[PDB]
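Q: My questions will all concern the structure given below.
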Amino acid sequence: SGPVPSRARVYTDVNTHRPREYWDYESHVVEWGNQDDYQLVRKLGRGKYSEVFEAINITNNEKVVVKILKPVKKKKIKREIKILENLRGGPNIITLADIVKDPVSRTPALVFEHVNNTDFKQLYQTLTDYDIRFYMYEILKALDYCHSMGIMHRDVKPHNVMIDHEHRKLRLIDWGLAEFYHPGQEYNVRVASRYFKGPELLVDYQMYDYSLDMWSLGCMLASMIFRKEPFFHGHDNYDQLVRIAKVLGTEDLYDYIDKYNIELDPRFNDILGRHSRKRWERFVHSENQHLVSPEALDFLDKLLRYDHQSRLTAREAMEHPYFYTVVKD
Ligand SMILES: Cc1nc2ccc(S(=O)(=O)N3CCC4(CC3)CC(NCc3ccc(-c5ccccc5)c(Cl)c3)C4)cc2s1
């Protein structure tokens with residue numbers, strides 16, 4: 001008789017209490033600026049949904065970032081715009097400045113605040129345990145905020161975190177996969193990058209919530225403290241769950257599937273096998289030891305849980321001992 005339903009343990013009804021317009025993005029009419037206000041300077045990157053440029057607003061000579069969209073359905077563009085507008089001003093959320101159209105290419109372009117992104121090399125060689133805790137706390141502020149505002153990012157990963165290290169500035173970007181949380185709603189599981197997908201996605205449990213983001217965050221944390229990117233390295237979606245199971249163990253996985261009456265693909269029945277839960281100590285070595293503490297491992301353990309309901313919330317995570325020194329500042 002099908003899967004057991006689930007509700008977010010926090011911020012469950014935040015959208016129900018808002019005016020319809022807040023979440024009903026299909027109804028949104030896009031406010032369009034003047035394309036001619038921006039001159040493109042240089043290409044910064046390409047990202048499947050878009051090409052990203054540094055530009056200048058010739059109205060006031062401010063440096064800006066332009067994300068020119070590849071073709072996507074108008075509803076998905078409206079969704080991303082509405083979410084960016086709802087979250088604008090929130091802690092560490094990228095600021096959408098403007099929205100334009102090339103009136104010949106009909107391509108829509110989002111115009112953002114400029115953040116300088118310090119080079120991976122000069123940063124990932126020169127981080128420190130404190131820095132990781134600090135930036136993780138900054139990400140948690142953005143996640144608690146967006147969750148509190150009824151939105152799930154659904155694509156938390158290093159690529160979507162900008163850091164300007166010189167200014168100790170962090171921004172969560174790429175809100176193109178984010179969605180409003182509504183109690184009872186069945187979502188598309190085919191989101192997020194393979195390595196960061198929650199067990200709920202991999203077993204096709206659609207009634208998920210903000211807690212998805214907390215799994216992804218745990219994946220990020222593991223990759224940083226252990227110096228292993230990606231941490232869970234699956235070869236496809238099936239093997240991705242196997243890689244998780246080889247660490248978290250199969251007993252808890254099967255407990256989760258039982259609790260929610262989830263129907264596993266019969267393919268999985270072959271490849272999952274039986275796996276012990278591993279101690280985190282097997283990923284520690286001389287090179288990463290300076291990043292790993294009892295507190296880090298306790299925190300990580302409490303993010304990486306099959307059962308979405310048992311993961312730390314963003315606000316609980318922020319209260320964890322791993323962050324006591326950062327909070328003191
Ligand atoms: C509104 C927009 N403006 C821009 C500007 C540039 C571009 S981009 O395409 O040129 N590009 C810049 C580089 C990145 C990809 C995007 C973001 C980087 N993060 C890696 C990272 C992330 C996090 C950490 C970290 C994590 C935890 C603790 C400490 C550090 C650490 Cl150590 C590293 C890679 C896209 C956009 S969208």
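Scheme for the structure tokens: letters A, B, ... for chains in order shown; per-chain residue numbers from 1; ligand numbers from 1 in order shown.
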Find the residues near residue 47 in chain A: any atom within 12 Å, counting only C-alpha atoms, skip ones fewer than 2 places away on the same chain, and give them as JSON, numbers by chain.

A: {"A": [43, 44, 45, 49, 50, 51, 52, 53, 67, 68, 69, 70, 159, 160, 174, 176]}

Q: Enumerate the residues of range 96-305 of chain A with a DSSP assignment of alpha helix (DSSP H), computed from the backbone, and present them as a PyMOL selection string.

A: chain A and resi 120-124+129-148+199-202+211-226+237-248+250-260+266-271+294-303

Q: Using only C-alpha atoms, which residues sit within 9 Å of residue 128 in chain A once same-chain residues fewer than 5 positions away are excluded, as a ChimeraX atom specification?

A: /A:133,290-291

Q: Would you mind exporting C-alpha atoms of the selected residues as a PDB file, in the first residue's frame?

A:
ATOM      1  CA  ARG A 133      34.444  25.593  10.775  1.00  0.00           C
ATOM      2  CA  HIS A 290      44.873  18.538  11.518  1.00  0.00           C
ATOM      3  CA  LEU A 291      41.288  18.988  10.185  1.00  0.00           C
TER       4      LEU A 291
END

Q: Which residues are near ligand 1 in this structure, taking near to mean any atom at most 7 Å from a ligand atom and counting only C-alpha atoms and all ligand atoms? Format them as a PyMOL selection string.

A: chain A and resi 44-46+52+65+67+94+112-115+117+120+123-124+131-133+135-136+158-163+173-174+220-221+224

Q: Using only C-alpha atoms, which of the listed residues (A:296, A:274, A:250, A:97) sits closest to residue 324 in chain A?

A: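 Nearest candidate to residue 324 in chain A out of A:296, A:274, A:250, A:97: A:296.
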
Q: Find the residue from A:35, A:118, A:57, A:148 that sits nearest to residue 87 in chain A; use only C-alpha atoms when measuring.

A: A:148

Q: For the contact check between range 188-255 of chain A and range 299-316 of chain A, emit one row per residue of range 188-255 of chain A within 12 Å, containing the shortest atom pair and the distance in Å rounded to one decimal, counting only C-alpha atoms, chain then rising number order, as a Markdown table.

A:
| residue | atom | partner | partner_atom | distance |
| --- | --- | --- | --- | --- |
| A:196 | CA | A:304 | CA | 10.9 |
| A:197 | CA | A:306 | CA | 11.2 |
| A:198 | CA | A:306 | CA | 7.6 |
| A:199 | CA | A:306 | CA | 5.8 |
| A:200 | CA | A:306 | CA | 7.5 |
| A:201 | CA | A:306 | CA | 10.6 |
| A:202 | CA | A:306 | CA | 10.6 |
| A:203 | CA | A:306 | CA | 10.4 |
| A:205 | CA | A:308 | CA | 10.5 |
| A:206 | CA | A:308 | CA | 11.8 |
| A:207 | CA | A:308 | CA | 10.4 |
| A:208 | CA | A:308 | CA | 7.7 |
| A:209 | CA | A:308 | CA | 8.0 |
| A:210 | CA | A:313 | CA | 8.3 |
| A:211 | CA | A:308 | CA | 5.6 |
| A:212 | CA | A:308 | CA | 6.9 |
| A:213 | CA | A:314 | CA | 8.9 |
| A:214 | CA | A:303 | CA | 5.9 |
| A:215 | CA | A:304 | CA | 5.5 |
| A:216 | CA | A:304 | CA | 8.5 |
| A:217 | CA | A:303 | CA | 7.6 |
| A:218 | CA | A:303 | CA | 5.3 |
| A:219 | CA | A:304 | CA | 7.5 |
| A:220 | CA | A:300 | CA | 9.7 |
| A:221 | CA | A:300 | CA | 6.9 |
| A:222 | CA | A:300 | CA | 7.0 |
| A:223 | CA | A:300 | CA | 10.7 |
| A:224 | CA | A:300 | CA | 11.1 |
| A:225 | CA | A:300 | CA | 9.7 |
| A:226 | CA | A:300 | CA | 11.2 |
| A:231 | CA | A:304 | CA | 11.8 |
| A:232 | CA | A:304 | CA | 11.3 |
| A:241 | CA | A:306 | CA | 10.2 |
| A:244 | CA | A:306 | CA | 9.2 |
| A:245 | CA | A:306 | CA | 9.5 |
| A:247 | CA | A:304 | CA | 10.1 |
| A:248 | CA | A:305 | CA | 7.8 |
| A:249 | CA | A:306 | CA | 10.0 |
| A:250 | CA | A:306 | CA | 10.1 |
| A:251 | CA | A:306 | CA | 10.6 |
| A:252 | CA | A:306 | CA | 7.2 |
| A:253 | CA | A:306 | CA | 6.3 |
| A:254 | CA | A:306 | CA | 9.6 |
| A:255 | CA | A:307 | CA | 8.9 |

Q: Pick the closest to residue 177 in chain A from A:76, A:28, A:82, A:157: which is it, counting only C-alpha atoms?

A: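 Checking each candidate against residue 177 in chain A, we get A:76 as the closest.
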
Q: Write out as a VMD selection string each polymer residue whose atoms come within 10 Å of residue 234 in chain A, counting only C-alpha atoms; drop sequence neighbours fewer than 3 positions from it.

A: chain A and resid 194 to 195 230 to 231 237 to 244
